[PDB]
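Take a look at the structure below.
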Amino acid sequence: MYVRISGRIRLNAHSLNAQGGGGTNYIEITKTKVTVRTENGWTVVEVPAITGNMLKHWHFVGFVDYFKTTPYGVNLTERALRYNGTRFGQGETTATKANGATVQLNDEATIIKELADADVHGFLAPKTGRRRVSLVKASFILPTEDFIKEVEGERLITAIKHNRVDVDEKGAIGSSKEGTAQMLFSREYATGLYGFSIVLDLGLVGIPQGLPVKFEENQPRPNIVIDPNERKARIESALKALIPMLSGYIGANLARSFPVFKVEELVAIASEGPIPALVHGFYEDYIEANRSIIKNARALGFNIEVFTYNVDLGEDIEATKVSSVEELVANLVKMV
Amino acid sequence: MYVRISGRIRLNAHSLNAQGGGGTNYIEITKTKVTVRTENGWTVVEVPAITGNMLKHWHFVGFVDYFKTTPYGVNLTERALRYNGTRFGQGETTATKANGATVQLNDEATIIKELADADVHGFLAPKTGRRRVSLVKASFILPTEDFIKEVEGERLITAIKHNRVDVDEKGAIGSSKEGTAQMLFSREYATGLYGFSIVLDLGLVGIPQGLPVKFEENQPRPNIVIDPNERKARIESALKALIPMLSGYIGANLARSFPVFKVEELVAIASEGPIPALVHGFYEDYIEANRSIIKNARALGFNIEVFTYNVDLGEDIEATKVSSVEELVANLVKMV
Amino acid sequence: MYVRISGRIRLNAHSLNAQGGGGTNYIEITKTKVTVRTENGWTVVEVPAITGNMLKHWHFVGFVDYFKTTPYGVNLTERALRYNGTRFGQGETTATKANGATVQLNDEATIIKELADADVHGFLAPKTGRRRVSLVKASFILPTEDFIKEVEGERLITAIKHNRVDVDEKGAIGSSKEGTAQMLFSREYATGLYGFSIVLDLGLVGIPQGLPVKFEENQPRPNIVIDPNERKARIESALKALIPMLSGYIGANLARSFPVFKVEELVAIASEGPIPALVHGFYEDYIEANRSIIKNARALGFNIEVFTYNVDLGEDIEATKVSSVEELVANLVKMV
Amino acid sequence: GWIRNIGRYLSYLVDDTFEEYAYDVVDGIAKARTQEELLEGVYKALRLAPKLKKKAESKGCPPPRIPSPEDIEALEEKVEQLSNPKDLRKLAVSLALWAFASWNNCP
Amino acid sequence: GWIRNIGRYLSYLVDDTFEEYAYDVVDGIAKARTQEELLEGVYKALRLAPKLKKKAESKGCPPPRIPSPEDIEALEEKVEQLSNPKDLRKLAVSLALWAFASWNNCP
Amino acid sequence: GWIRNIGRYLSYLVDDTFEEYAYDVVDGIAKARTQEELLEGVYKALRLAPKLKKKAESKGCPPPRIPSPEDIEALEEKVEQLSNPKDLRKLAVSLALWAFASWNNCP
Amino acid sequence: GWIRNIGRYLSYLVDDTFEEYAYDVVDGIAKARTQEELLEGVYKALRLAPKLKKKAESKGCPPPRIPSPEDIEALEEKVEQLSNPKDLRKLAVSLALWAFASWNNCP
Amino acid sequence: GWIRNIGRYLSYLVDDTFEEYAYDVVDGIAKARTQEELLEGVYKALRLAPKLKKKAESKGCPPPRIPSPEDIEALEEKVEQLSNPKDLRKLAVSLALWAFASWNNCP
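Chains as they are written, first to last, in the authors' numbering: chain T, 1 to 336; chain R, 1 to 336; chain P, 1 to 336; chain E, 3 to 109; chain C, 3 to 109; chain J, 3 to 109; chain I, 3 to 109; chain H, 3 to 109.
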């Protein structure tokens, strides 16, 4: 189960991934420099963007949210309920379940048997050295190249200043001697057309990395320590964890901003075995690359299922024209 | 099957192959110096680069991933299953197979017969003295001369800062007295247009280095110890391992970064026997040199068949205009 | 075939001919002194170098590779197949042929008629006194004088630090109790523009040193012991051995590095008899010296044929414009 | 000379006390590449002078010395004679030379 | 010498017992080749002074000693008194001795 | 004589029982025939103090002794009065030798 | 006395069972016109310490003794208090006088 | 007898077989006027130790004897009490006399 989704979306009036201005009143959004051809030599441009650590963090959050409702939601870390980003720290030689059970950090097979979040998103305990590569890989959210080269300016930062007004119990503004915690707190806001290529690899969930495949008599089989029903539960939860991504549940300051979210277009490939990575939507010309890659993969003999939204993706290629994001998850999960 | 591929690829928003500072908060990516004439005297410039060790390790990962599915994939080292780049220790005289079988580190013929990864990527046993040169040589990933000569600034390092937050069951950030595993730390980000010129000398697969050629009666034959079907399977696996190379499965920090990647252009030569190495795409005018070298190689009497993507190569020289990456893989595996 | 080739090349991101570090997990590249005028007094500067032993051994490897396909490829040492540069040492009474035949180490005429590699590159047996001067002479590879005149420092060493991490079945880093083969292996890389002055005295091949000339009746004749077809095949293989020299197959550590290689310019003189050595490209004004030398030699009564690539050499001196190195190789072949 | 006054003014913009912090204008002035960016940054910095004058008596601090029109009219031709950014960049940091000085703004 | 105080300030953002660990500014000023980049890197390190000022009292440490003005008039003419980069590098990198040591900053 | 402490510090990043093997920095100390590259080697050596600080207690031994401040204020006037490179070699090679020894760095 | 240890150490980098044959460094130590040349020679000699350290346990050989810091300091004091070339050459030839001796090292 | 051994080693240089005749070093040892000159003389006498050490087995005769550390250190101790050349000449000639003796090196 190696699923790849990539496409273009629009984000407006959002303060997601704010750099904070180095801890002062003026808080500003993180920026990244990208190279664009402009048909006269590649030139760099500074544009705000959202890093993939954010994406992986709220992927973990969505996985926890959609896994706690399942009957097998007991197997979760106590810190996962409160949405703790970290998995293991420097001095923790033991872990605590939601119910309070104590867990060692040896023989990672039992760790992934009894922890589910660490199985899907990876973990690392420096004291014990037990490692696990995250089964989900996050791509950076950059604005599309054509949009950037089409504006030739318009830095997309508004720098809206919004302060805090407080008075004492008598109703006095006060001065610096009394403090009154009166600051300026200016924050800059972004808008534009971005692209995403979040990809998920569910082919190794519930199987330890030490011995992924077991042999009984010269025959390979997956080494699943957990009961298979828990494996389907975890796979379904991971697949549906992307629901609070294409709706506006991404980035920081979700309380006051709540970015205006919609999907301009998207392309998904599900398949069953290993497949080439779906190219990013940042480039203006990813569509013909996508159709060429899927056509050649089908030619090689890859049983890939292709779904499209707001993309023609040719006519010869058998692609299912999806209707929304959640029913796309339904399409992914009927074949489990 | 000495196949050479070289071309230009645009990388963006990546932190691949960073030296991490070796245990420090502020981590930075690997940088190397290059010499450029700039028409006013050769000068050196510090730019981010990706070492060939990363490319070789990820090629090993792709090769084992695409070879595990083959019916002959049981003949693999146990550590190769968990994507371990290490081959042999300084003081170990035995190796464990995927099925737990024990193979000695002497008489490398049986080593390459019973293990496929070491036959392709090479190995070295310090205690027994056995050694084997690697059959795959990887090139470096550097920004090309034309791109570096037209920037004259914009170092291309952003150094976006990201941190971790840890809270206990009471939701307390804590202080340094309790530690709480709270670090600030940061990572450096890069973009540009790089070139790659990796080569694969796959014509000696399964032939031990001790006796490359056997003479029965003044007649030379390859010393193929493994089954010819197994040799073809190894060839096709190592040749299709290039699919997770131009899709964005190289470098470290793939869980969080997954660099925005695409294939700007490429050129490949397959041939049958020994051939001159393809010119690296780092230089500004490698296209003309490669066109001349393929023309006079065909003229000299070498069976040269070429493929091109997004490049001209003139009109006189015959070429196959590929449209994707795995299509090129299918073209090469067609001739088996 | 007293053919001399010399020119300037661009060598970047290379670790060729490293010092080895002597086992310190820190390996540096070999270094040497070079004198420069700097217009204010001769001064010596430290520069990375490629020993001519590298060039000789790699030309040997190329010669063996191109002589294997020759129908007379049986006449080779067993160790030459595995690219062993040694010939004889410390009482090697006998040697083995490629097919397993035994050749004695006396009457060097039979040695050169049975062993082509020893005939071409010379040999030495320190038990019977047999010796032979090598037909190929290699020069050091040093950066061009002007390039380091206009570098005003910039040592050209980056010292990139690698890694090798080993994970066992339990996925633990381990400690010194098990060893774990955990070290750093830091390597130094270099870049710049170098010069090459390889020469080839192939007019003496197939002729023993003791009796090079035979007199029938006051008339000299060359003393060829091998078949004329054998001599032609050996000449062709030696001439075509230059293909993996300016393609990027020189030096060591090619599996991980594969230096970014290009030939800036070159000049070759073939002639038929003994001729002055072609001057090195290390100096700034070697073009004028070469022009004067070839003009005076042609005016002196020598049948001098000169080929050039990316070098003008005026107009009054006839020359052939070669667009690559193997075009030059074919041009030398057509005149055998 | 000819730089102390503008730097003192820009330090009056942001310093101890005087709770009106705007680092965007000085940051844009420092990173300005062309003449138009420098001019717009200077205009934005000078736009806040009435606010500083009003806040001068709000805390008893001495009033800030408003930069003279001579300085800006001199900058008008001191910036408009160059052809390459390389020569103006240091001007920008000279403009920022007094951004975080230890001035006795309110002794 | 006017170097010690600026070194104090630069090390105030690198030294231990403070939660701000970002030595990009010192690395940037260390790798200084022209006139403008050293100045912009130094002032980039400089603009973090109010963070130190407002965070010193959180842990009870004495407030950091902001570089005195005479230091920042003295830095300028000592850079413009030279033209060759060979002399430029010494004064561009001489401020990095003090960034790493083992004194006491929070008694 | 303010040389033993800096030699100890140079040893602490070269000695065994650690993980960080930088022979490049001490090599740069050795082969640095002029003042600026001496300084640059010193900067590269001192850049790794926090790594030693947060690596020492991992195995429990006492933290390394970074050279005292006075050790730092000695070096500048020690090196500035050096005119010819002849004696400039003496200090560099001496403190380079001080890097390699076999004392008990920390139990 | 105070030199037998460094003499044995120099013997470690020339004797058999170790395979380095560094004759250049011992020759440079033996012939020294000036004191800085001798210091460079002893630096290249002492740089081979970790090589020998791990080479000893590579084949189960007893570890050599690296010179103590006290003898390094004494040698430094001696090498600066020697001025005329006479006793300088005396010391230079005396240091590596028995590098090629018959020490029963590495049994 | 603590002098016969070094004389035997010197005689190993020039003798029957042993195709490396070095009369210059023996004469320099004998002709030496100052004690330092004796020091370099014995140094160049010793520097040929690996030559003979690995060449003796080339012909099969028993290997020669290299002077032991105690005798050479004792010679070094005897060095710094000859304040006059009068005893220096007799010491040098006594050392050099055994070179041309009828020694049974290796039958």
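Every residue gets a Cβ at the ideal spot worked out from N, C-alpha and C, and that includes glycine.
Beta-carbon proximity list for residue i, same chain, < 8 Å, skipping 5 on both sides
| i | result |
| --- | --- |
| residue 28(H) | 12, 15, 16, 47, 98 and 101 |
| residue 208(T) | 108, 109, 112, 223 and 225 |
Cross-chain neighbours of residue i in chain P, by beta carbon under 8 Å
| i | result |
| --- | --- |
| residue 131(T) | 167 and 171 |
| residue 240(R) | Those do not exist, as residue 240(R) stays about 21 Å from chain P at its closest Cβ, beyond 8 Å. |
Identified DSSP bridge partners for residue i
| i | result |
| --- | --- |
| residue 14(T) | 190(T) |
| residue 43(R) | 36(R) |
| residue 11(I) | Looking at the DSSP assignment, residue 11(I) forms no beta bridge with any residue, so it has no partner. |
| residue 309(P) | 266(P) |
| residue 330(R) | The partner list for residue 330(R) (beta bridge, DSSP) is empty, contrary to what the question assumes. |
| residue 7(P) | 196(P) and 266(P) |
| residue 221(R) | 214(R) |
| residue 132(P) | 123(P) |
| residue 319(T) | 306(T) |
Chain-ordered chain T contacts of residue i [CB-CB under 7 Å]
| i | result |
| --- | --- |
| residue 160(R) | 30, 32 and 51 |
Other residues of its chain near residue i: CB distance less than 6 Å, five sequence neighbours each side excluded
| i | result |
| --- | --- |
| residue 83(P) | 61 |
| residue 156(T) | 190, 191 and 192 |
| residue 279(R) | 286, 289 and 290 |
| residue 24(H) | 15 |
Residues of its chain near residue i, where Cβ-Cβ distance is below 7 Å and the 5 sequence neighbours each way are ignored
| i | result |
| --- | --- |
| residue 344(R) | A query on residue 344(R) cannot be resolved here, the shown segment of chain R reaching from 1 to 336 and no further. |
| residue 277(R) | 4 and 199 |
| residue 319(T) | 306, 307, 308 and 313 |
| residue 104(T) | 94 |
| residue 235(T) | 1, 202, 205 and 336 |
| residue 51(H) | 68 |
| residue 34(H) | 40, 43 and 94 |
Chain-ordered chain C contacts of residue i [CB-CB under 8 Å]
| i | result |
| --- | --- |
| residue 71(J) | 103 and 105 |
Chain-ordered neighbours of residue i on chain J, where CB pairs are closer than 8 Å
| i | result |
| --- | --- |
| residue 44(C) | Correct list: empty, because the minimum Cβ distance to chain J is about 15 Å. |
Within chain T, the residues that residue i reaches when beta carbons sit closer than 8 Å
| i | result |
| --- | --- |
| residue 53(C) | 22, 23 and 24 |
Residue i: contacting residues in chain P (beta-carbon distance under 7 Å)
| i | result |
| --- | --- |
| residue 1(J) | The structure shown does not extend to residue 1(J), since chain J is modelled only from 3 to 109, so the question has no answer here. |
Contact list for residue i against chain C, beta-carbon separation under 7 Å
| i | result |
| --- | --- |
| residue 49(J) | 102 |
| residue 38(J) | 91 and 92 |
Partners in chain E for residue i, counting only beta-carbon separations shorter than 8 Å
| i | result |
| --- | --- |
| residue 84(C) | Here the premise fails: no neighbours, minimum Cβ distance about 14 Å. |
Quick one: any contact between the segment 150 to 163 of chain P and the segment 109 to 116 of chain P, if contact means 3 or more CB pairs under 8 Å? no
At least three beta-carbon pairs within less than 8 Å, the segment 306 to 325 of chain P to the segment 264 to 271 of chain P: yes
In chain order, which continuous runs of the alpha helix (DSSP H) of length 4 or greater are located wholly inside the segment 47 to 129 of chain R? 52 to 67, 78 to 81, 108 to 114 and 117 to 121
Assess contact between the segment 48 to 66 of chain T and the segment 77 to 96 of chain T, defined as three or more Cβ pairs (one per stretch) separated by less than 8 Å. Is contact present? yes
In the segment 136 to 219 of chain R, which residue ranges form an unbroken beta strand (DSSP E) of at least 3 residues, counting only runs that do not cross its ends? 190 to 196, 199 to 201 and 213 to 215
With contact counted as at least three CB pairs below 8 Å, one residue from each stretch, are the segment 83 to 97 of chain I and the segment 31 to 45 of chain H in contact? yes
Spell out a yes or no on whether the segment 68 to 77 of chain P and the segment 44 to 52 of chain P are touching, meaning 3 or more CB-CB pairs, one atom from each, closer than 8 Å. no
Could you tell me whether the segment 176 to 189 of chain P touches the segment 6 to 16 of chain P, using the rule of 3 or more Cβ pairs below 8 Å? yes
Pairs of beta-carbons, one from the segment 280 to 300 of chain T and one from the segment 319 to 334 of chain R, closer than 8 Å: are there three or more? yes
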